[PDB]
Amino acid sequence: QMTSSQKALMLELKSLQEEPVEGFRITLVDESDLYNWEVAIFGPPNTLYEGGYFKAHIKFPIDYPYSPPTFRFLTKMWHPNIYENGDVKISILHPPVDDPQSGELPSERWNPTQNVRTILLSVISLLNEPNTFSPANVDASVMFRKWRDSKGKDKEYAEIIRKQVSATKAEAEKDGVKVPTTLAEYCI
């Protein structure tokens, strides 16, 4: 009675709830709807995001995993690699282009062997490593570059990170979540 995409989603959900990616907690937005997942994301210790509690939604198409999901932060994140609408800018969330001149590898575009665990690890990489040559958010990219070039003396970018981390405290308290602040707590 479950469709092929429902069966695929059930398998991935079970895997990510029983063997989670550290710092990521996965649940269904609606109990009966396998196609919309809530992702709660802790800022890692020993980063400027430490103490943050961020939320994204993953929305899956009717034909998953033959087509990619979307991955969108609900409250927006000011970051060179995140679009202002909340979408993360990752090549794997789009189908292959079937152009031998493009030089793209299969691992860089969506295919039915890709999965949510790979998306989450890609999101960690994207958060760690701004691409200022091809930014999703130009104004955040320009600000990040000024912050990096000034060795933090132009504090604006870090001030925005601090403000966006602080804004998550109310949501954490509502969910009764204690954000980890040490390596031991994050890796539990």
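One-based numbering along the sequence shown.
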Quick one: higher average CA temperature factor, 131-139 or 147-155?
147-155
So, looking at the entry's B-factor column for Cα atoms, which has the higher mean, 70-78 or 106-114?
106-114
Is the Cα B-factor recorded for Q6 in the lowest, middle or highest third of its chain?
lowest
Chain third (lowest, middle, highest) by recorded CA B-factor, residue given as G51
highest
CA B-factor placement of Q101, once the chain's modelled residues are sorted into thirds
highest
Within this chain, which third does the Cα B-factor at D63 fall in: lowest, middle or highest?
lowest
By the recorded C-alpha temperature factor, relative to the other modelled residues in its chain, which third is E38 in?
lowest
